[PDB]
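# Residue-level structural notes
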Amino acid sequence: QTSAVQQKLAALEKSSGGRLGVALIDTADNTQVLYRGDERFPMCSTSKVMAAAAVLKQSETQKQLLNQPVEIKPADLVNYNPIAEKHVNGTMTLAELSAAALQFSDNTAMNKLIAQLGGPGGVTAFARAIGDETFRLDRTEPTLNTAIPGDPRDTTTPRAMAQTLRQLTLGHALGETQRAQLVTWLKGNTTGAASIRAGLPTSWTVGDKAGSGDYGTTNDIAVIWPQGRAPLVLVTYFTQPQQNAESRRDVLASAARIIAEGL
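The name given to the protein chain in the PDB entry is Beta-lactamase, with the source organism recorded as Escherichia coli. Quoted verbatim from the Sequence similarities (unreviewed entry) heading of the UniProt record, the comment on the protein chain is "Belongs to the class-A beta-lactamase family."

The structure is reproduced here in structure tokens:
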């Protein structure tokens, strides 16, 4: 049950050669199934959820904030920015930047969100304001993805991230309009098909944000609306011993299958 699932996750981790962190919250009965749930993992692009949510929180007190134009300048461009590079020397709204960061993992867009929040310390302050004492953002893109073993920068734990994702999407951390917007964006992610979604039935609805980084770091955080039962919140974090290890989104899919078949 919980023990059988944890044993399967342990066997998956052993065969993978890496370090696996899982937190599952079943909102039907609020049970939690954890595997390395209190170890820190580099968040990589999954931190984009906290940044988008923090901007949505700002919009509760400045109601038209999402419609505000933000200049995209040449100095803003980083390696991976499939949306923002099409608006350099132009503008994008904060809604467009949020969608770009969440649905295309655009790293320039994430940096604009970080800056809108007062920097990595501002993103972290939002986390604290909603009761997350574990999340920390320390750097901008792309350096927040270095994922160096032993480095606490830009990390959280699976337990903390599952609880926070639940609060943001199913709980009361955001106002109703903002919560609906965040969930709409997460449901529209275009770059997560190989990760948690690949281990779940196609008839289940998923809102997620995946991410990757150095050390073969491969992550995904999801809210899942199955048929026939209450929603689940699932975070799967994975990192490896070699600096240039290849991403293993299929390992995350395997963890999701263990959860969806076993719980």
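Let us keep going from here.
## As for the sheet that holds strand β1 (residues 19-26)
Read from one edge of the open sheet, five strands run β2-β1-β9-β8-β7, paired in antiparallel fashion. The two strands at the open ends of the sheet, each matched to only one other strand, are β2 (31-35) and β7 (205-212). Put simply, the sheet's adjacent strands are angled 5° from each other on average, direction ignored. Across eight bridges, the pairing between β1 and strand β9 (residues 232-239) is antiparallel. Pairing of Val 22 across the sheet is with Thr 236, part of β9. Each of β7 and β8 (218-225) is contacted by helix α7 (residues 176-187), which is oriented at about 70° to β7, the strand it contacts most.

## As for the packing of aromatic side chains
Scanning the model with the defined rule gives one aromatic pair in all. An angle of 45° between the planes, with centres 6.0 Å apart, marks the rings of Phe 41 and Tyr 237 as tilted. Placement of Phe 41 in strand β3 (residues 41-42) and of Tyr 237 in strand β9 is noted, with a sequence separation of 196 residues between them. We note that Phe 41, like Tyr 237, is buried. Across from the ring centre of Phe 41, 3.9 Å away, lies the NZ or CZ of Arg 19, which sits over that ring.

## Points about the environment of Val 78
Relative to the assigned elements, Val 78 resides in the loop between β4 (69-72) and β5 (90-93). Looking at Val 78, the relative accessible area reads 21%, which means it is partly exposed. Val 78 sits 79 residues away from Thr 157 along the chain, and the two C-alpha atoms are 27 Å apart. What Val 78 contacts, discounting residues up to four positions off in sequence, is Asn 107, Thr 108, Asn 111, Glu 141 and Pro 142.

## A few points about the layout of surface pockets
Within this model, the largest pocket holds a volume of roughly 270 Å³. If you trace the largest pocket, you find 19 residues lining it, with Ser 45, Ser 105, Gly 211, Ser 212 and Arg 249 closest to the centre. Sorting the residues of the lining of the largest pocket by element identifies β7 and β8 as the ones contributing at least two each. Top contributing element to the lining of the largest pocket by residue count: β7, with four residues.

## Some thoughts on unusual backbone geometry
For the bond from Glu 141 to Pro 142, the omega torsion is 5°, close enough to zero to count as cis. Along the chain, the position of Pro 142 falls in the loop between α5 (120-129) and β6 (155-156). Unlike most non-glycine residues, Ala 147 shows phi in positive territory, near 55°. Residue position: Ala 147 is located in the loop between α5 and β6. If you check the backbone angles, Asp 154 has positive phi at about 60° while not being a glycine. Under the relative-accessibility criterion, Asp 154 is labelled buried at 0%.

Definitions and cut-offs
Residues numbered from 1 in each chain as written, not as in the entry; some residues may be left out. Heavy atoms only, no water. Residues with missing side-chain atoms left out of burial classes, pairs and counts. UniProt positions renumbered as here; feature names shortened; annotations may be inferred. Pairing = 2+ DSSP bridges. Helix = DSSP H or I, 4+ residues; strand = E, 2+ residues; numbered from the N terminus. Axes fitted to C-alpha atoms, helices over the stretch in contact; angles between N-to-C directions. Contact = heavy atoms within 4.5 Å. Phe/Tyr/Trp six-rings, centres within 6.5 Å; stacked < 30°, edge-to-face > 60°. Buried < 20%, exposed > 50% of the residue type's maximum accessible area, 1.4 Å probe, protein only. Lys NZ or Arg CZ within 6 Å of the ring centre and 35° of its normal. 1 Å grid on protein atoms, 1.4 Å probe; cavity = no way out; pocket = protein on both sides within 12 Å on 5 of 7 lines; lining within 4 Å. Points joined across faces, edges and corners; volume = space filled by probe spheres on them.

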